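Student: Numbering (mature numbering (1 follows the signal peptide of the UniProt record, and there is no 0)), first residue to last: 7 to 45.
Just so it is clear, CB atoms sit at the ideal spot from N, CA and C, and this is done for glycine as well.
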Amino acid sequence: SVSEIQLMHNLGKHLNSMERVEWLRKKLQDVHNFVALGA
C-alpha cells in the first residue's frame with residue numbers, strides 16, 4: 007500500500023512533511039538576512 011503518493015509527487019506544491027520542512031529551511035536563511043544575521 008502507498009500513502010500520500012500525490013503529496014510526495016508535489017515536492018513543494020503540497021508542503022506537509024518533507025515539502026514543508028524544505029520551505030521552513032529556506033525561511034531560516036530569509037530570517038538570517040531579514041533584520042540581524044544571527045541564525
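Can you tell me the Cα-Cα spacing of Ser7 and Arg31, whole angstroms?
Tutor: Working through the sequence shown from its first residue, we reach residue 7 at position 1. Working through the sequence shown from its first residue, we reach residue 31 at position 25. So the alpha carbons of these two residues sit roughly 30 Å apart.
Student: DSSP on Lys32, reduced to helix/strand/coil?
Tutor: Here residue 32 refers to the residue found at position 26 of the sequence shown. Helix, per DSSP.
Student: Go through its chain and collect everything with a Cβ distance to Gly18's Cβ below 6 Å, but skip five positions before and after it.
Tutor: For this step, residue 18 is matched to residue 12 along the sequence shown. So the qualifying residues of the chain are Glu25.
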